[PDB]
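So this one's query_39.cif, mmCIF, C-alpha atoms and all ligand atoms:
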data_protein
#
loop_
_atom_site.label_atom_id
_atom_site.label_comp_id
_atom_site.auth_asym_id
_atom_site.auth_seq_id
_atom_site.Cartn_x
_atom_site.Cartn_y
_atom_site.Cartn_z
CA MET A 1 7.06 -18.45 -5.32
CA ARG A 2 3.51 -19.65 -6.02
CA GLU A 3 2.12 -18.23 -9.26
CA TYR A 4 -1.55 -17.36 -9.79
CA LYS A 5 -3.03 -17.05 -13.28
CA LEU A 6 -5.94 -14.62 -13.05
CA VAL A 7 -8.29 -13.62 -15.86
CA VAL A 8 -10.36 -10.43 -16.01
CA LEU A 9 -13.62 -10.78 -17.97
CA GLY A 10 -16.62 -8.65 -18.77
CA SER A 11 -18.29 -6.65 -21.49
CA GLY A 12 -16.66 -3.74 -23.22
CA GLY A 13 -16.09 -0.49 -21.41
CA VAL A 14 -16.64 -1.68 -17.82
CA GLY A 15 -13.05 -0.96 -16.73
CA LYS A 16 -11.25 -4.28 -17.09
CA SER A 17 -8.13 -2.59 -18.43
CA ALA A 18 -8.44 0.32 -16.00
CA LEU A 19 -8.67 -2.00 -12.98
CA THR A 20 -5.83 -4.22 -14.17
CA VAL A 21 -3.51 -1.30 -14.90
CA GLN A 22 -4.39 0.52 -11.68
CA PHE A 23 -3.60 -2.65 -9.73
CA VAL A 24 -0.40 -3.60 -11.53
CA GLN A 25 1.04 -0.19 -12.41
CA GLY A 26 -0.64 2.19 -9.97
CA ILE A 27 -1.94 4.57 -12.61
CA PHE A 28 -5.36 5.30 -14.10
CA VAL A 29 -5.53 4.73 -17.89
CA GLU A 30 -7.98 7.57 -18.58
CA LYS A 31 -8.69 7.02 -22.28
CA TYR A 32 -5.88 4.54 -22.96
CA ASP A 33 -7.46 1.44 -24.48
CA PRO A 34 -4.97 -1.50 -24.80
CA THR A 35 -7.25 -3.79 -26.97
CA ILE A 36 -4.04 -6.38 -27.20
CA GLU A 37 -5.13 -9.02 -24.53
CA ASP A 38 -2.04 -8.75 -22.53
CA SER A 39 -0.87 -10.30 -19.34
CA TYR A 40 0.34 -8.11 -16.50
CA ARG A 41 2.54 -9.21 -13.60
CA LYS A 42 2.74 -8.13 -9.99
CA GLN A 43 4.07 -9.75 -6.84
CA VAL A 44 2.05 -9.27 -3.66
CA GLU A 45 1.57 -10.65 -0.17
CA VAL A 46 -1.88 -11.90 0.71
CA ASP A 47 -2.46 -13.06 4.28
CA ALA A 48 1.28 -13.45 4.92
CA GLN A 49 1.89 -15.54 1.80
CA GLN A 50 3.99 -14.38 -1.17
CA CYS A 51 2.07 -14.52 -4.44
CA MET A 52 3.22 -13.89 -7.98
CA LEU A 53 0.19 -12.76 -10.00
CA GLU A 54 -0.21 -12.89 -13.75
CA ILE A 55 -3.37 -11.12 -14.85
CA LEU A 56 -4.85 -11.56 -18.30
CA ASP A 57 -6.83 -8.50 -19.38
CA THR A 58 -9.26 -9.76 -22.00
CA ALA A 59 -11.15 -7.91 -24.70
CA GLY A 60 -14.85 -7.32 -24.11
CA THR A 61 -17.12 -10.36 -24.39
CA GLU A 62 -18.52 -8.72 -27.52
CA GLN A 63 -15.21 -8.74 -29.38
CA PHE A 64 -13.30 -11.32 -31.46
CA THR A 65 -10.64 -13.44 -29.84
CA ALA A 66 -9.85 -17.00 -30.83
CA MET A 67 -8.52 -17.75 -27.37
CA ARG A 68 -11.53 -17.46 -25.07
CA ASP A 69 -12.17 -21.14 -24.28
CA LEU A 70 -8.43 -21.56 -23.73
CA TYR A 71 -8.41 -18.55 -21.40
CA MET A 72 -11.34 -20.04 -19.52
CA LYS A 73 -9.90 -23.55 -19.23
CA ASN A 74 -6.49 -22.36 -18.07
CA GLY A 75 -7.45 -19.44 -15.83
CA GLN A 76 -7.15 -20.27 -12.13
CA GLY A 77 -9.51 -17.51 -11.01
CA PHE A 78 -11.77 -15.01 -12.72
CA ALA A 79 -12.83 -11.46 -12.01
CA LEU A 80 -16.20 -10.89 -13.65
CA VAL A 81 -16.54 -7.14 -13.99
CA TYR A 82 -19.58 -5.03 -14.78
CA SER A 83 -20.27 -1.31 -14.52
CA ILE A 84 -22.81 -0.16 -11.97
CA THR A 85 -23.92 2.39 -14.59
CA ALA A 86 -24.98 -0.12 -17.27
CA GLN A 87 -27.47 -2.92 -16.62
CA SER A 88 -26.52 -4.72 -19.83
CA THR A 89 -22.97 -5.24 -18.56
CA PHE A 90 -24.29 -6.83 -15.36
CA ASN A 91 -26.70 -9.14 -17.13
CA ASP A 92 -24.01 -10.11 -19.64
CA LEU A 93 -22.06 -11.73 -16.79
CA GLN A 94 -24.59 -14.55 -16.40
CA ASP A 95 -23.71 -16.01 -19.80
CA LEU A 96 -19.99 -15.55 -19.27
CA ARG A 97 -20.12 -17.37 -15.91
CA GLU A 98 -22.02 -20.20 -17.58
CA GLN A 99 -19.36 -20.41 -20.30
CA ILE A 100 -16.62 -20.76 -17.69
CA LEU A 101 -18.55 -23.46 -15.82
CA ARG A 102 -19.14 -25.29 -19.11
CA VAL A 103 -15.44 -25.21 -20.04
CA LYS A 104 -14.31 -26.20 -16.52
CA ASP A 105 -17.11 -28.77 -16.27
CA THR A 106 -17.57 -27.84 -12.62
CA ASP A 107 -19.38 -25.25 -10.52
CA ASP A 108 -16.48 -24.80 -8.12
CA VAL A 109 -14.38 -22.20 -9.89
CA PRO A 110 -12.63 -19.33 -8.07
CA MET A 111 -14.44 -16.13 -9.08
CA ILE A 112 -15.17 -12.63 -7.85
CA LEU A 113 -18.08 -10.48 -8.99
CA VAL A 114 -17.04 -6.81 -9.33
CA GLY A 115 -19.31 -3.82 -9.79
CA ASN A 116 -16.90 -1.19 -11.11
CA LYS A 117 -17.26 2.63 -11.37
CA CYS A 118 -18.57 3.23 -7.86
CA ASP A 119 -17.38 6.84 -8.23
CA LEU A 120 -20.24 7.24 -10.73
CA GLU A 121 -22.84 6.60 -8.00
CA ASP A 122 -24.95 9.43 -9.48
CA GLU A 123 -25.29 7.41 -12.68
CA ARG A 124 -25.92 4.07 -10.95
CA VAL A 125 -28.48 1.77 -12.57
CA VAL A 126 -27.45 -1.55 -11.01
CA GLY A 127 -28.29 -1.86 -7.33
CA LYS A 128 -25.67 -3.04 -4.87
CA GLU A 129 -28.26 -5.54 -3.64
CA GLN A 130 -28.62 -6.83 -7.22
CA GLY A 131 -24.90 -7.58 -7.30
CA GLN A 132 -25.05 -9.17 -3.86
CA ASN A 133 -27.98 -11.22 -5.09
CA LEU A 134 -26.21 -12.47 -8.22
CA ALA A 135 -23.18 -13.57 -6.18
CA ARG A 136 -25.61 -15.37 -3.88
CA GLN A 137 -27.17 -17.25 -6.82
CA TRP A 138 -23.70 -18.33 -7.85
CA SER A 139 -23.06 -19.53 -4.28
CA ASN A 140 -20.08 -17.20 -4.47
CA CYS A 141 -19.02 -15.79 -1.35
CA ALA A 142 -17.00 -12.80 -2.81
CA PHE A 143 -18.55 -9.58 -4.14
CA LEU A 144 -17.11 -6.07 -4.33
CA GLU A 145 -17.87 -2.70 -5.80
CA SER A 146 -14.79 -0.84 -6.99
CA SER A 147 -13.45 2.25 -8.71
CA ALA A 148 -10.38 2.14 -10.92
CA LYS A 149 -10.53 5.93 -11.01
CA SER A 150 -10.81 6.60 -7.26
CA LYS A 151 -8.67 3.54 -6.37
CA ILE A 152 -11.39 1.97 -4.20
CA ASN A 153 -11.17 -1.80 -3.71
CA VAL A 154 -8.77 -2.22 -6.64
CA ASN A 155 -6.15 -4.23 -4.79
CA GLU A 156 -8.90 -6.03 -2.93
CA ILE A 157 -10.37 -7.51 -6.14
CA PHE A 158 -7.16 -9.38 -6.79
CA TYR A 159 -6.37 -10.19 -3.16
CA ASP A 160 -9.87 -11.62 -2.75
CA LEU A 161 -9.50 -13.56 -5.96
CA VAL A 162 -6.24 -15.05 -4.65
CA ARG A 163 -8.12 -15.94 -1.44
CA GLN A 164 -10.81 -17.74 -3.49
CA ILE A 165 -8.02 -19.70 -5.23
CA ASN A 166 -6.08 -20.70 -2.11
CA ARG A 167 -9.11 -20.98 0.19
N1 LIG B 1 -15.46 7.17 -13.76
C1 LIG B 1 -14.80 5.95 -14.00
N2 LIG B 1 -14.40 5.64 -15.24
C2 LIG B 1 -13.74 4.39 -15.47
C3 LIG B 1 -13.52 3.49 -14.40
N3 LIG B 1 -12.87 2.40 -14.98
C4 LIG B 1 -12.72 2.65 -16.28
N4 LIG B 1 -13.22 3.82 -16.52
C5 LIG B 1 -13.30 4.43 -17.78
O1 LIG B 1 -14.29 3.65 -18.60
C6 LIG B 1 -13.71 3.61 -19.98
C7 LIG B 1 -13.42 2.19 -20.33
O2 LIG B 1 -12.41 1.63 -19.48
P1 LIG B 1 -11.59 0.36 -19.94
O3 LIG B 1 -10.62 0.05 -18.82
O4 LIG B 1 -10.95 0.60 -21.28
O5 LIG B 1 -12.71 -0.76 -20.10
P2 LIG B 1 -12.59 -2.23 -20.70
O6 LIG B 1 -13.16 -2.17 -22.11
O7 LIG B 1 -13.45 -3.11 -19.82
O8 LIG B 1 -11.13 -2.65 -20.69
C8 LIG B 1 -12.50 4.44 -19.97
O9 LIG B 1 -12.87 5.77 -20.42
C9 LIG B 1 -12.07 4.44 -18.58
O10 LIG B 1 -11.30 5.62 -18.25
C10 LIG B 1 -13.98 3.84 -13.06
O11 LIG B 1 -13.81 3.11 -12.08
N5 LIG B 1 -14.60 5.06 -12.89
MG MG B 2 -9.77 -3.21 -22.10
#
Show this structure as structure tokens.
Ligand SMILES: Nc1nc2c(ncn2[C@@H]2O[C@H](COP(=O)(O)OP(=O)(O)O)[C@@H](O)[C@H]2O)c(=O)[nH]1
Ligand SMILES: [Mg+2]
Amino acid sequence: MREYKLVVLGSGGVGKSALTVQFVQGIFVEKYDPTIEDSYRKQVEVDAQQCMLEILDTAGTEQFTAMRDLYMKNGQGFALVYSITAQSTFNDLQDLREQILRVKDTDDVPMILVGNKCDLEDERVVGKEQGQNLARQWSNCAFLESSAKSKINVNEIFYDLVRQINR
């Protein structure tokens, strides 16, 4: 079976772990905070093709890890996650995308931009159009808003990332 090495990136507290665990294990972490950078495995079918996914759930961009450039070089596709309730987490993604492009030395890198915590619409500070606009600037043709808590678009993040990889 074809294996896909996916990497989930973004600033602290946006729901990287929550999205990864909801996808792979089908449960919501609540307050559980892995802070090991573990890999999680799940087999799926995307567009009638069997896929074995390995998903690396990274620590926040703010935090120490001696493995970041390695993660970026070796990752086949990247989910760049922000929270719709924190503008800083959205703006932080611009530098992380640039770091990936620098390491890969190319602009053509499978990526999905993800605005998480859509269930906190009442606390939204990042517009959906702003997210759509950032993906546009990246010439990236995949953008989603999600909720790890409400299970909205969780599977679709990873399915769409697989699609960007095997386009
Ligand atoms: N309301 C809501 N809370 C979320 C969501 N995703 C994560 N959380 C919560 O936000 C906090 C941080 O989540 P976590 O997965 O640890 O973020 P990480 O630092 O990016 O790995 C936790 O309290 C989570 O329960 C979501 O989609 N909706
Ligand atoms: Mg985490």
Q. Using only C-alpha atoms and all ligand atoms, which residue out of A:5, A:163, A:151, A:16 lies closest to ligand MG 2 (chain B)?
A.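 That would be A:16, the residue with the smallest distance to ligand MG 2 (chain B).
Distance-wise, CA of residue 66 (chain A) and CA of residue 36 (chain A) end up 12.6 Å apart.
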Q: Excluding residue 46 (chain A) and residues on its chain fewer than 4 positions from it, collect all residues at most 9 Å away from it, counting all atoms listed in the file, and give them as a list in words.
A: residues 50, 51, 159, 160, 162 and 163 of chain A
**Q.** Residues near region 71-82 of chain A, cut-off 6 Å, all atoms listed in the file, skip fewer than 4 positions along chain, as a count of residues only
**A.** 19
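Nearest to ligand LIG 1 (chain B) of all the residues A:32, A:40, A:158, A:138 is A:32, based on all atoms listed in the file.
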Q: Give the answer as one residue: which of A:18, A:1, A:161, A:67 has the shortest atom-to-atom distance to ligand MG 2 (chain B), using all atoms listed in the file?
A: A:18
List every residue of chain A that has an atom at most 8 Å from any atom of ligand LIG 1 (chain B), giving for each one its closest atom pair and the distance in Å to one decimal, counting all atoms listed in the file, sorted by chain and then by ascending residue number, as a tab-separated table.
residue	atom	partner	partner_atom	distance
A:9	CA	B:LIG1	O7	7.9
A:10	CA	B:LIG1	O7	6.5
A:11	CA	B:LIG1	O7	6.2
A:12	CA	B:LIG1	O6	4.0
A:13	CA	B:LIG1	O6	3.4
A:14	CA	B:LIG1	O7	4.0
A:15	CA	B:LIG1	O3	3.4
A:16	CA	B:LIG1	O7	3.7
A:17	CA	B:LIG1	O3	3.6
A:18	CA	B:LIG1	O3	3.6
A:19	CA	B:LIG1	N3	6.4
A:20	CA	B:LIG1	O3	7.9
A:28	CA	B:LIG1	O10	7.3
A:29	CA	B:LIG1	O10	5.8
A:30	CA	B:LIG1	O10	3.9
A:31	CA	B:LIG1	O9	4.7
A:32	CA	B:LIG1	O4	6.6
A:33	CA	B:LIG1	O4	4.8
A:34	CA	B:LIG1	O4	7.2
A:35	CA	B:LIG1	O8	7.5
A:57	CA	B:LIG1	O8	7.4
A:58	CA	B:LIG1	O8	7.5
A:59	CA	B:LIG1	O6	6.6
A:60	CA	B:LIG1	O6	5.8
A:81	CA	B:LIG1	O7	7.7
A:116	CA	B:LIG1	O11	5.4
A:117	CA	B:LIG1	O11	3.6
A:118	CA	B:LIG1	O11	6.4
A:119	CA	B:LIG1	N5	5.7
A:120	CA	B:LIG1	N1	5.7
A:146	CA	B:LIG1	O11	6.5
A:147	CA	B:LIG1	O11	3.5
A:148	CA	B:LIG1	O11	3.7
A:149	CA	B:LIG1	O11	4.5
A:150	CA	B:LIG1	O11	6.7
A:151	CA	B:LIG1	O11	7.7
Q) How many Å separate CA of residue 96 (chain A) from CA of residue 144 (chain A)? A)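 About the pair CA of residue 96 (chain A) and CA of residue 144 (chain A): they are 17.9 Å apart.
As for CA of residue 56 (chain A) and CA of residue 152 (chain A), they are spaced 20.6 Å apart.
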Q | Of the listed residues A:91, A:61, A:2, A:43, that which approaches ligand MG 2 (chain B) most closely, counting all atoms listed in the file | A |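 Residue with the minimum atom-to-atom distance to ligand MG 2 (chain B): A:61.
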Q: Choose the residue, out of A:88, A:141, A:93, A:105, that has the smallest atom-to-atom separation from residue 125 (chain A); count all atoms listed in the file.
A: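 Residue with the minimum atom-to-atom distance to residue 125 (chain A): A:88.
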Q. Looking at A:48, A:101, A:142, A:55, which one is nearest to residue 24 (chain A), with distances taken over only C-alpha atoms?
A.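 The answer is A:55, which sits nearest to residue 24 (chain A).
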